[PDB]
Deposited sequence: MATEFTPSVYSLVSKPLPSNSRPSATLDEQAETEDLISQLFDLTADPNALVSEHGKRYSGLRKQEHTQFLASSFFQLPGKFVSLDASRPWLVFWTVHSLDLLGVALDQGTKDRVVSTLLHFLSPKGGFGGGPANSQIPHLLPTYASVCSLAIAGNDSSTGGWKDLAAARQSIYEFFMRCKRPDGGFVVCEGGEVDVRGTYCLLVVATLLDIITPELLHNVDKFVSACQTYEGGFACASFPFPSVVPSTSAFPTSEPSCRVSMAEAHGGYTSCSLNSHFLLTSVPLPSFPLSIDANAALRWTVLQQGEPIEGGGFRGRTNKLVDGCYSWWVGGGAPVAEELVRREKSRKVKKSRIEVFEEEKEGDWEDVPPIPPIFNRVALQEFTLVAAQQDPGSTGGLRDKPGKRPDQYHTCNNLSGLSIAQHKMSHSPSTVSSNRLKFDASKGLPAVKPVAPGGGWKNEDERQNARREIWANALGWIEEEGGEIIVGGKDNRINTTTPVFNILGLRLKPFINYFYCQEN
């Protein structure tokens, strides 16, 4: 399985050529090349059978990472005030990393996690970055809270899922107040408009069964127009006056490319006529693979052209590769296998460069020389999972999901804000519920495609593309809100 994924230790490490043209970009690129290559030279090749005497051992220090995350269930120092509006993200980064690391929480701590998030739920709709008596709802904490409840909650009266089901109408009304005529969304009252909000909203709307035609109008056009000439996607697109044309507003970036690919993929499940508007899947796959660094930079991913590799983009860029790959497969099929990125080198970057130095605080980081944090811990591990396990969207699995779906079971349909904003009839609404449910549960780990660099003790659990929670969390969560069993 490693025929087209050569180890970085087996390839010659040479710097980026200068062409006798110094610049500030090259100064920083050459400095980080030295920093990453030095740490590899100090580290024993993880593909070795006997660890070399004198080198550092690159095995995944899961217990150190577990203790690093443990401080979240006691207290956080005062410098965390910059994250005081992102506490649902501190929860999600913690409970999802623990899921990936295989560490279970006891029921009392899960109850605390559920109770804390419910204090962030506003009666008018949506989750905020903190207590509802202090912060207004926001699309990004809403995603992180919904996903955290999927990880730590259950279906009992104290499980939090029941409160989510009771809030479906208000959350939907909050989503509609965020919607713009051009298809964009503000992340909150008076907030910015980008594809992070679209991604977060479409995930929650997919999981909670609150998708309507009025919610999705022009959403596909906003996202499609974010694709730049490089192949990736920018943060937003601008509508020139319904609009005569839409133009991307910045560089292709790994973060916004992830949100755009995931958003577009979620929209392909919706059975609307000539929807969603197409994207250039080939160019998106090309841009994705081009962001994987050279062996001298450990084979990690960068977020944009001529910037630096960063462990967090293992999830943002690497986790988008299965989605871009599936879109390319659909387009080639519509007109009528080796891995698409170096799955081995990405694991080597995680194990050698992204882990905190041993015997210290634990956790995973952006680069050597950077303090580890909860955000880079979650995304390094999420990207590592994508590299370890070959993920694909199986049409036969989706077909099997259609055959077992029960359209007679479900929560009350949401009341649209405009009279003609809902589905035309029950046949069309139930056909939409089936497609969205069946495709959401269509990701599989391909049997025999597993590649665990360094030995099976480095193996972590399998995350789901698009959603980024374990499949064992995704299935009972979405089944609850669709009343499937």
Deposited-sequence segments unaccounted for in the coordinates
1, 243 to 254, 350 to 370, 520
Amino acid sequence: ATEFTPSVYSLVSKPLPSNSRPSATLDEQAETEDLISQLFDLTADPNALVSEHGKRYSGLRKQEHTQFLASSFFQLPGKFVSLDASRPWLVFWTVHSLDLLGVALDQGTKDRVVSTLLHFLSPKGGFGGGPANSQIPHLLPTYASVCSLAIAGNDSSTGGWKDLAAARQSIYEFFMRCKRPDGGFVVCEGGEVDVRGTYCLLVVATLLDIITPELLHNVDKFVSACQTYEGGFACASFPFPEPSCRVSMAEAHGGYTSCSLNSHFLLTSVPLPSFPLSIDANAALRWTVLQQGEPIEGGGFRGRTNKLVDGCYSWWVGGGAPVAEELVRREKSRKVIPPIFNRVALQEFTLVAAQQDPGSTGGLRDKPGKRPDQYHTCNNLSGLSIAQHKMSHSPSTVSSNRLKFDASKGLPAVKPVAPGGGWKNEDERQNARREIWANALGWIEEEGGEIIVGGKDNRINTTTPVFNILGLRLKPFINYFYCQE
From here on, numbers count along this sequence of modelled residues.
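Rigid core here is just the name for the largest C-alpha set that superposes within 1.5 Å across the two forms.
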Once everything is fitted on the core, do the CA positions of 423 to 431 or those of 64 to 72 lie farther from the shown form in 7 other deposited structures of this protein?
64 to 72
Root mean square C-alpha distance from this form after a core fit in 7 other deposited structures of this protein: higher for 123 to 131 or for 73 to 81?
73 to 81
Mean C-alpha B factor from the entry: is it higher for 73 to 81 or for 391 to 399?
73 to 81
Decide which of the stretches 42 to 50 and 60 to 68 has the higher mean C-alpha B-factor, going by the entry.
42 to 50
For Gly311, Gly410, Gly319, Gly254, the deposited C-alpha B-factor is largest at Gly410
Given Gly303, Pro123, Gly128, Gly197, identify the residue with the highest C-alpha B factor in the PDB entry.
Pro123
Lowest, middle or highest third of the chain for the C-alpha temperature factor of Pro476?
middle
Split the chain's modelled residues into thirds by Cα B-factor; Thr462 lands in the middle
By the record's CA B-factor, is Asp366 among the lowest, middle or highest third of residues in the chain?
middle
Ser258's Cα B-factor: lowest, middle or highest third of the chain?
lowest
Compared with the other modelled residues in the chain, in which third is the CA B-factor of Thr206?
lowest
